[PDB]
Each structure stands twice: as C-alpha cells, then as structure tokens.
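Visitor: Take this structure first; my questions come after.
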Amino acid sequence: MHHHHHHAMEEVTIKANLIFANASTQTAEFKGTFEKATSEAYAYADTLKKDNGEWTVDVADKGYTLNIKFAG
Ligand SMILES: [Zn+2]
Ligand SMILES: [Zn+2]
Ligand SMILES: [Zn+2]
Ligand SMILES: [Zn+2]
Ligand SMILES: [Zn+2]
Ligand SMILES: [Zn+2]
C-alpha cells in the first residue's frame with residue numbers, strides 16, 4: 001500500500017487539517033520530499049500539543065492529507 005518510488009529531488013505538498021477541542025480549525029501545508037514534508041507536518045502538530053493537548057491523526061488522500069484532532 002502507499003506505493004512510492006522515492007527521489008531526493010521530489011517535491012510534494014502535505015496538507016494538515018487541524019481540528020481543536022473547541023472545534024476551531026486551520027490548515028497548514030508542508031513542502032519537500034514526501035518523507036520530509038510528512039515529518040514537518042507531525043513536528044508542527046507536536047509544537048501545538050502544549051496549548052492544545054494530545055493529537056490524533058487519520059491519514060487520507062493516499063497520505064497527502066493528515067487530519068489531526070487535538071484533545072484539549
Ligand atoms: Zn496502509
Ligand atoms: Zn526513479
Ligand atoms: Zn510503481
Ligand atoms: Zn519520497
Ligand atoms: Zn531522500
Ligand atoms: Zn501556552
């Protein structure tokens with residue numbers, strides 16, 4: 001699954017749709033290799049944990065979309 005031919009110079013965009021405890025929202029985009037952009041998206045989620053609580057992710061769009069919810 002998620003078949004991927006990797007290339008160091010590959011350019012991709014990972015969309016992170018965030019939903020917070022009070023239901024507020026925002027979308028953040030990360031660019032670079034699929035692996036790096038993916039790593040940066042989760043790193044951003046981690047920075048928001050202190051103020052917004054633990055996060056849960058549901059991957060979609062074959063991995064290009066990360067729907068992340070914060071528990072508060
Ligand atoms: Zn799978
Ligand atoms: Zn190739
Ligand atoms: Zn192939
Ligand atoms: Zn790759
Ligand atoms: Zn690489
Ligand atoms: Zn704070």
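Chain identifiers are assigned as A, B, and so on, following the order in which chains appear in the structure tokens; residues are numbered from 1 within each chain, and ligands are numbered from 1 in order of appearance.
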List every residue of chain A that has an atom at most 12 Å from any atom of ligand 1, giving for each one its closest atom pair and the distance in Å to one decimal, counting only C-alpha atoms and all ligand atoms, sorted by chain and then by ascending residue number, as a tab-separated table.
Guide:
residue	atom	partner	partner_atom_place_in_ligand_line	distance
A:1	CA	ligand 1	1 (Zn)	5.4
A:2	CA	ligand 1	1 (Zn)	6.6
A:3	CA	ligand 1	1 (Zn)	9.8
A:58	CA	ligand 1	1 (Zn)	11.3
A:59	CA	ligand 1	1 (Zn)	9.3
A:60	CA	ligand 1	1 (Zn)	10.4
A:61	CA	ligand 1	1 (Zn)	11.8
A:62	CA	ligand 1	1 (Zn)	8.9
A:63	CA	ligand 1	1 (Zn)	9.4
Visitor: Compile the contact shell of residue 68 (chain A) as a PyMOL selection string: residues with an atom at most 7 Å away, counting only C-alpha atoms, same-chain residues fewer than 3 positions apart removed.
Guide: chain A and resi 16-19+55-58
Visitor: So how far away is CA of residue 40 (chain A) from CA of residue 4 (chain A), in Å?
Guide: 18.7 Å
Visitor: May I ask you to write as a ChimeraX atom specification all residues lying at most 9 Å from ligand 4, with only C-alpha atoms and all ligand atoms counted?
Guide: /A:4-12,33-36
Visitor: Pick out the residues sitting within 12 Å of residue 28 (chain A), and hand them over as JSON, numbers by chain; count only C-alpha atoms, and ignore anything fewer than 3 positions along from it in its own chain.
Guide: {"A": [13, 14, 15, 16, 17, 18, 19, 25, 31, 37, 38, 40, 41, 42, 43, 44, 45, 64, 65, 66, 67, 68]}
Visitor: Identify all residues of chain A in strand (DSSP E) (DSSP on the backbone) and supply them as number ranges by chain.
Guide: A: 12-19, 25-32, 55-60, 65-70
